[PDB]
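Note sheet for the following structure.
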Amino acid sequence: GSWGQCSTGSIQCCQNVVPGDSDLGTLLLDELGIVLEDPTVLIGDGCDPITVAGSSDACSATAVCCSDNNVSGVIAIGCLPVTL
Numbered sequence: 001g002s003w004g005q006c007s008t009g010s011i012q013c014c015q016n017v018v019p020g021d022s023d024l025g026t027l028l029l030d031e032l033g034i035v036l037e038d039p040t041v042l043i044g045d046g047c048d049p050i051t052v053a054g055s056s057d058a059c060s061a062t063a064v065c066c067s068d069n070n071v072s073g074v075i076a077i078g079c080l081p082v083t084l
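As numbered in the deposited numbering, residues 1 to 84 make up the sequence shown, in order.
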């Protein structure tokens, strides 16, 4: 079993990696009623936790690592972009 290399939090594969203060990200989290302590974090909309494959095909959109655990059901908060 392999999630991904990152001890900064949890690894996931985000369909939308957008800044929380981004036009996109801000619109998204506003739709989700998310209170930001740091709007300058990357929020990953459409983010599924990577716990399958354990290979290059472990992510189809964008590989990230979220430091926060608060998910609205599909998003991710505080994600750092990772690859390989």
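The beta carbon of each residue, even a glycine, is placed where N, CA and C say it ideally should be.
Counting the other Cβ atoms within 10 Å of the Cβ of residue 18 gives 16 or more, which makes it buried. Excluding sequence positions up to five before and after residue 67, its CB lies within less than 6 Å of the CB of 8, 9 and 78, all in the same chain and listed in chain order.
Annotation for residue 62: the continuous beta strand (DSSP E) segment containing it runs 62-66. Within the DSSP secondary-structure output, residue 47 pairs in a beta bridge with 14.
In the DSSP secondary-structure assignment, residue 79 is bridged to 66.
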